[PDB]
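# Sequence, then structure. It's an experimental one.
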Amino acid sequence: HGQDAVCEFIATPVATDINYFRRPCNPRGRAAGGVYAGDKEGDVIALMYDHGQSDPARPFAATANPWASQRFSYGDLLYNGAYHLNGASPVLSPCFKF
Amino acid sequence: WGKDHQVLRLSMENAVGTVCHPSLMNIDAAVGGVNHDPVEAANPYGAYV
Amino acid sequence: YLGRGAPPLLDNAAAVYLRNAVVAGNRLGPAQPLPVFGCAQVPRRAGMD
């Protein structure tokens, strides 16, 4: 059929709304782009990882997934470039980008 | 709907900052300001102890 | 809790519990105290979509 895709799994709470994932949405749960920057000094580390604040894409709740969005969460420890648990395998990690 | 396919949810627990402020009990301008144009006693029963 | 124009509760041990339970995470939750002369200053989130 063609090139093999690679499907990477991320743990989520079972009580996340399935209205989230009907839209373009983040697999890490908290929208973290530098396009959402507010031209502060270190805004996008706190746009990504500060949880007193709220998600820019969903302003009313902070995260959609607490195991992924947070620093030192389970989503972070697997797929971050600093920790590189999937750093030896030549298979492409799709979530290495996120 | 907001500016998207986002469905948005009000859910009265959001209203906890509006009504639980302690101006709900502040009625001094209410009872005192309306207390002009006095209507006479229309035979009170449960208004007296 | 941004703007004050009303008396608070008399039990101040009740007033802070009513206030720090609302304020503690809002998008519109005020600063550290409110100023006497000044504004609530409404602390900014790092981004908005």
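Done, it's in. Residues are numbered from 1 along each chain as shown, chains lettered A, B, ... in the order given.

# What count of nearby residues applies to residue 15?
By default, I'm working from chain A. Neighbours of residue A:15 under the rule other Cβ atoms under 10 Å in any protein chain shown: 5. Yep, even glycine has a C-beta here, placed from its N, CA and C like the rest.

# that's the other chain; I wanted chain C
13.

# which residues touch it?
B:22, C:8, C:9 (Cβ atoms under 8 Å, 6 or more residues apart in numbering or on different chains).

# buried sites along the strand or helix carrying it?
According to DSSP states H and E, residue C:15 maps onto helix C:12-22. For helix C:12-22, burial by neighbour count (16 or more other Cβ atoms under 10 Å in any protein chain shown) applies to C:18, C:19, C:22.

# what do you get for stretch A:40-49?
A:43, A:44, A:47, A:48, A:49.

# before we move on, which element is the nearest residue to the fourth one once chain neighbours are set aside in?
Spatial nearest neighbour of residue A:48, excluding adjacent residues (Cβ to Cβ, 6 or more residues apart in numbering or on different chains): residue A:32 at 3.8 Å. Here residue A:32, judged by DSSP H and E, is contained in no helix and no strand.

# can you give me phi and psi for residue A:49?
In terms of degrees, to the nearest 10, the main-chain angles of residue A:49 are phi -120, psi 0.

# and it, how far is that from residue A:41?
15 Å (Cβ to Cβ, to the nearest Å).

# ditto for residue B:3
From residue B:3 over to residue A:41 the distance is 29 Å, taken as Cβ to Cβ.
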